[PDB]
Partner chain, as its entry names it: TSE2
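Presented as structure tokens, the chain that follows is alone, the form solved without the partner chain.
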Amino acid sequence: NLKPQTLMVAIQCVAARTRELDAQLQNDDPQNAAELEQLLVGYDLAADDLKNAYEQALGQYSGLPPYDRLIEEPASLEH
């Protein structure tokens, strides 16, 4: 089974792609947006499975950050 560093990278990358697609929905053709919206529910299901695995890892290894810090949106994009 996967290394904890791999879980961190996967969690980070899935969160980033979800935010990047959400941002485009408003100016997208509704026809195209409606199709993305269904794909994005699949991303969220994968995100939950990943969180469950990471929580198990937190009980087994030392030196790992809290889950909520991994999925935080970077400040440079907020302010």
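Heads up, when I say rigid core I mean the largest set of C-alphas that superpose within 1.5 Å between the two forms. Positions refer to the first chain, counted from 1. Only residues modelled in both forms are compared.
If you look for the form solved in complex with the partner chain, you will not find it shown, but the lines that follow are about it.
A.B. asks: Does any residue in 1 to 25 get within 4.5 Å of the partner chain in the deposited bound form, counting heavy atoms only, and if so which ones?
C.D. replies: The stretch touches the partner through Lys3, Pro4, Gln5, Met8, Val9, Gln12, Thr18, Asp22, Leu25.
A.B. asks: If you line up the core, does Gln26 shift 2 angstroms or more at its C-alpha between the shown form and the other one?
C.D. replies: It does, since the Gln26 C-alpha is displaced 2 Å or more between the shown form and the other one after the core fit.
A.B. asks: Provide the ranges, sorted by sequence, of consecutive runs with at least 3 residues in which each Cα shifts 2 Å or more between the shown form and the other one, based on a superposition on the core.
C.D. replies: Residues 26 to 31 form the single run that moves by 2 Å or more between the shown form and the other one.
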